[PDB]
């Protein structure tokens with residue numbers, strides 16, 4: 001055996017839903033992570049400014 | 001041996017990912033350093049202004 005790979009994991013109706021669902025969840029995650037990250041950097045900037053002023 | 005040099009450290013798919021990742025991260029670093037130095041600039045401007053008025 002040179003190579004064995006699984007191809008097309010499926011339910012007919014369900015597979016389509018499965019892919020779509022994965023996509024949406026991905027979007028959700030992106031949004032949430034971004035917001036948190038920027039909040040963190042935002043606060044960092046605030047500290048730096050305060051320090052800078054000081 | 002006149003010269004020996006590594007060329008094309010890859011592979012192809014990752015090569016693209018690698019360059020892209022490098023660019024983005026470096027930009028972030030660029031931003032961070034730029035903002036701090038600029039803060040210094042404003043710091044200086046304020047000082048010079050105060051001495052100027054003085």
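Going from the start of the chain as shown, residues are counted 1 onward.
Per the header of the entry, the method used was electron microscopy, 16.3 Å.
Every residue, even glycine, has its Cβ placed from backbone N, Cα and C.
Residues annotated as coiled coil in Swiss-Prot: A:13-47.
Under the heading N6-acetyllysine, Swiss-Prot lists A:22 (among others), citing similarity to another entry as support. Under 8 Å, Cβ to Cβ, and six or more positions away along its own chain, residue A:22 (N6-acetyllysine) finds no residue.
Taking a C-beta cut-off of under 8 angstroms and a sequence separation of 6 or more, residue A:38 (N6-succinyllysine) has no same-chain neighbours. Residue A:38 (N6-succinyllysine) falls within a helical segment according to DSSP. Summarising the annotation, Swiss-Prot assigns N6-succinyllysine to A:38.
Residues or ranges marked as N6-acetyllysine in Swiss-Prot: A:38 (among others).
Secondary structure at residue A:22 (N6-acetyllysine), taken from DSSP and collapsed to helix, strand or coil, is helix.
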